[PDB]
């Protein structure tokens, strides 16, 4: 076997991909999440998945107003959490309630209480970051995309979350081959990207914005995309709408 970065080296213009995305879409980086406990960050990330930004934010507001401490959510059970989520709008309330409840119940029974503060105590070394990743991945229902998001957003650890928008753009740019699944795409990005948190955070913020707002699934805005000169797919889309 062979590292993904050797099977698939980044292009000569990779640095310009990073800098043009940052300059165009995130010239001033937003703050990462600094919640009292990473458990709150994890739950906030769960609310964001398969959801609009507006609904996820309303749900966070309503959920935390309803349950000022997570102990109250655990007592109210998945039915209570579901009702709370449903009241703020948005679907998948039953799925999300079960998922959140399962995390809380696991933490209470086996981790001494409703907290993920222990994630902050692992060393800030590649070995410690891997422990933090493994601990998030050991929570019931928590998949790799959410693990990467919590590491990057809540823990200041240099994971490399790649959302579906970013992946679509990466495949159109031919940064990664079409057949690679989302987890393999994340692994490739984590191998090739500069190791530092800030660069990785900047790519995630700017890449999500680019993929959502420019490299749209139907009708991408190639003429207005700063990556057009590097992109093998632009001509197909441009000539197509003509």
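Positions refer to the first chain, counted from 1.
Chemist: Comparing 87-95 with 148-156, where is the mean C-alpha B-factor higher?
Modeler: Mean CA B-factor is higher for 87-95.
Chemist: Can you tell me which stretch has the higher mean Cα B-factor, 28-36 or 50-58?
Modeler: For C-alpha atoms only, the mean B-factor is higher in 50-58.
Chemist: Per the entry's Cα B factor values, which of 161, 164, 77, 143 stands out as the maximum?
Modeler: When the deposited C-alpha B-factors of 161, 164, 77, 143 are compared, 77 is largest.
Chemist: Have a look at 194, 68, 211, 41 and flag the one whose Cα has the highest B-factor in the entry.
Modeler: Spelled out: the listed residue with the top C-alpha B-factor is 68.
Chemist: Sorting by Cα B-factor within the chain, modelled residues only, which third would residue 218 end up in: lowest, middle or highest?
Modeler: It belongs to the highest third of the chain when residues are ordered by C-alpha B-factor.
Chemist: Quick check on the deposited entry: does the C-alpha B-factor of residue 73 sit in the lowest, middle or highest third of its chain?
Modeler: As the PDB entry reports it, the C-alpha B-factor of residue 73 lands in the highest third of its chain.
Chemist: Select lowest, middle or highest to describe the third in which the CA B-factor of residue 182 falls within its chain in this entry.
Modeler: Its C-alpha B-factor, which the entry lists for residue 182, ranks in the lowest third among residues of this chain.
Chemist: Among all modelled residues of this chain, ranked by Cα B factor, put residue 124 in the bottom, middle or top third, i.e. lowest, middle or highest.
Modeler: Within its chain, residue 124 is a highest-third residue by C-alpha B-factor, going by the deposited values.
Chemist: Among the chain's modelled residues, which third holds the C-alpha B-factor of residue 171?
Modeler: Answer is lowest: the recorded C-alpha B-factor places it there.
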